[PDB]
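In the form solved without its partner chain, a lone chain appears below as structure tokens.
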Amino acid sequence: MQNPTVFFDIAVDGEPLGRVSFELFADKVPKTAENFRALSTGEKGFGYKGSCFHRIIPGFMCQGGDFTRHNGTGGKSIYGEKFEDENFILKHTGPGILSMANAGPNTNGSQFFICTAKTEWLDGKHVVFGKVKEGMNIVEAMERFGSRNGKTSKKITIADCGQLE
């Protein structure tokens, strides 16, 4: 019927920058789509407010999803430690696509990233479903503050998180 959208209020150096919306294919991938927005909704109670992007890399993508420790660890899904990939119907067609990062097969757990460039080398193993409806210009901004080491020159936090439609 509808494609749930979620967004993050990104603030740099204690001040707001903008918001980014995302289009999730619930019909195509009900498993990842519900889990993906579920974390934002905080139905289970994660309620990650102000969480900063766990890891950002320039010329590749912005990695995040870790809200409990913000160190790439402690992240967890509503179902449990990890969940299976629904399918690879939607691939890394282009930039702005949101994908569920994992440490291996069927180990998605809690972790997703916003790609900035087409990653064919990531496709075929990493389940992916999502795109930026609007606010990419903001995503790129976050990428600018990213580094090879994964650390950010500035401080990116989520001023507010909720379910958009």
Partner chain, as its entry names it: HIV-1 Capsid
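Numbering follows the first chain given and starts at 1.
Keep in mind that the form solved in complex with its partner chain is missing from the display, and what follows is about it.
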property: 4.5 Å heavy atom contact, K49 and its partner chain in the deposited complex; result: no
property: Contact of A101 with its partner chain in the deposited complex (heavy atom, 4.5 Å); result: yes
property: Contact of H126 with its partner chain in the deposited complex (heavy atom, 4.5 Å); result: yes
property: Partner proximity in the deposited complex: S40 to its partner chain, non-hydrogen atom cutoff 4.5 Å; result: no
